[PDB]
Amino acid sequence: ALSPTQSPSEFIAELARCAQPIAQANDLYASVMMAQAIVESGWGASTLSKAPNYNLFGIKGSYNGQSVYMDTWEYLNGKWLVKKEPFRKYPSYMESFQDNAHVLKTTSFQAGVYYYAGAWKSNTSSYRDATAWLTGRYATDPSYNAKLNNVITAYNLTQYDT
């Protein structure tokens, strides 16, 4: 299953079935989507990513009012700190994929400016531009793009892009 899974190969094949169509429909890289699920969830092992939360993507805030508070590492002003933060809670694994796409496509702090626009496939030359854009935006980890890129390259995840 996504959890527990027999191998990275299993986990990847199961992610692709959801990620490929959603990424294609939304001008996103499937590879980046799948890397974010692997890195955020720890191959589907995190409590946040498992039932009854199903949040594969470390998405913060609330989903139709549904949230779970969890301890999380943040990198702030040059220090790693544990913070307790609100994460979205979903009814199944599918909504977390849809919501990752929604967050990337629609997040805006200023009129006419989409915060994640640099991770949209049409605004990039390669997936590396998208992972770089997420760093310091989606997550505070200053090595976030290196962690995503390392998963993409190790597992040839651009095979799922189109």
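Each residue number is its position in the shown sequence, starting from 1.
> Comparing 99-107 with 66-74, where is the mean C-alpha B-factor higher?
The stretch with the larger average C-alpha B-factor is 66-74.
> What stretch has the higher average Cα B-factor here, 120-128 or 55-63?
The entry gives the higher C-alpha B-factor average to 120-128.
> Comparing against every modelled residue in the chain, figure out the third that the C-alpha B-factor of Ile38 lands in (lowest, middle or highest).
Lowest third of the chain for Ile38's C-alpha B-factor.
> Relative to the other modelled residues of the same chain, rank the CA B-factor of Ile152 and answer lowest, middle or highest third.
Lowest third, going by the recorded CA B-factors of the chain.
> Looking at the C-alpha B-factor of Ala19, is it in the lowest, middle or highest third of its chain?
Within its chain, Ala19 is a middle-third residue by C-alpha B-factor, going by the deposited values.
> Determine, from the deposited record, the chain-internal third of the Cα B-factor for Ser7: lowest, middle or highest.
Bottom third by C-alpha B-factor.
> Can you tell me which third, lowest, middle or highest, the CA B-factor of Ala25 falls into for its chain?
Ranked within chain, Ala25 CA B lands in the highest tercile.
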